């Protein structure tokens, strides 16, 4: 009777309210996301324009569906050739389900050891950046479509990720638990992975401001609404 997106929201609320019952609830939530299709959200797949992106439009947009104190639920829509740059989710669980298109998701974690003095990167770092670089581990980098299962991240594993739209636009549904809360110490930090002068392998990470060419704007969510 209830729409699939309402059932997902309900199950997310039960799951994220590890306490007893959490794994069975998380498994049921993943099984619901595995069934989700773009049409269940009234989102038609978007295909490439083959035109350059003008400076006034954002590379990525976001449709909000619902949020509680326990989780946030929405859809990111990436235009051709865009990314959500490498970022973390402090103390946070996250799920992602591709709705259309193909994304490449690179998954890493922060490992603190000092950079060895002889160590060298290309492009070279400024002195303040050499002091700030920290070790990380690159755990996976694979492509996902709507036929893949959901991708999961936790506070302790795969907590850093980068999402690239592959050969055209792509969109995914995300669940984040708890949501970000900058006033409470849970913000979104961006990072650069540095190339010195396969998986899992050790890398070097540099926290960095949000890129000048990345931002995300809201757009209306067209699908069935989540009701209290």
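Positions refer to the first chain, counted from 1. Heads up, when I say rigid core I mean the largest set of C-alphas that superpose within 1.5 Å between the two forms.
Trainee: Figure out for me whether 177-185 or 199-207 is the more displaced stretch in 7 other deposited structures of this protein, taking RMS C-alpha distance from the shown form once the rigid core is superposed.
Mentor: The stretch that sits farther from the shown form in 7 other deposited structures of this protein is 177-185.
Trainee: With the rigid core held as the alignment frame, decide whether 95-103 or 120-128 lies farther from the shown form in 7 other deposited structures of this protein, in terms of RMS C-alpha distance.
Mentor: Larger mean C-alpha displacement, comparing 95-103 and 120-128 in 7 other deposited structures of this protein, is found in 120-128.
Trainee: In a third or more of the other compared PDB entries with flanking residues modelled, does residue 166 go missing?
Mentor: no, residue 166 modelled in all other entries.
Trainee: I'd like to know whether residue 50, which is modelled here, goes unmodelled in a third or more of the other compared entries that cover its flanking residues.
Mentor: In at least a third of the other entries, residue 50 has no coordinates.
Trainee: Going by the record, give me the number of deposited-sequence residues missing between residue 197 and residue 198 as none, 1 to 3, 4 to 9, or 10 or more.
Mentor: Gap size class: 10 or more residues without coordinates, per the record.
Trainee: Quick check on the record: how many residues from the deposited sequence are absent from the model between residue 10 and residue 11 (none, 1 to 3, 4 to 9, 10 or more)?
Mentor: Nothing is missing between them.
Trainee: If you average the CA temperature factors as listed in the entry, which stretch comes out higher, 160-168 or 182-190?
Mentor: Higher mean C-alpha B-factor: 182-190.
Trainee: Averaging the C-alpha B factors as listed in the entry, name the stretch that ends up higher: 218-226 or 1-9.
Mentor: Higher mean C-alpha B-factor: 1-9.
Trainee: So if I compare the CA B-factors in the entry for 123, 94, 127, 81, which one is the largest?
Mentor: Within the set 123, 94, 127, 81, 123 shows the top C-alpha B-factor.
Trainee: In this PDB entry, which of 119, 102, 154, 106 has the top CA B-factor?
Mentor: Spelled out: the listed residue with the top C-alpha B-factor is 119.
Trainee: Based on the deposited C-alpha B factors for this chain, I'd like to know if residue 114 is in the lowest, middle or highest third.
Mentor: According to the entry, residue 114 has a C-alpha B-factor in the chain's highest third.
Trainee: Using only modelled residues of the chain, where does the Cα B factor of residue 201 rank: lowest third, middle third or highest third?
Mentor: It belongs to the highest third of the chain when residues are ordered by C-alpha B-factor.
Trainee: Could you tell me which third, lowest, middle or highest, the C-alpha B-factor of residue 54 occupies within its chain?
Mentor: Ranked within chain, residue 54 CA B lands in the highest tercile.
Trainee: Going by the recorded CA B-factors, say which third of the chain residue 149 sits in, lowest, middle or highest.
Mentor: Its C-alpha B-factor belongs to the highest third of this chain's values.
Trainee: Within this chain, which third does the Cα B-factor at residue 35 fall in: lowest, middle or highest?
Mentor: Ranked within chain, residue 35 CA B lands in the highest tercile.
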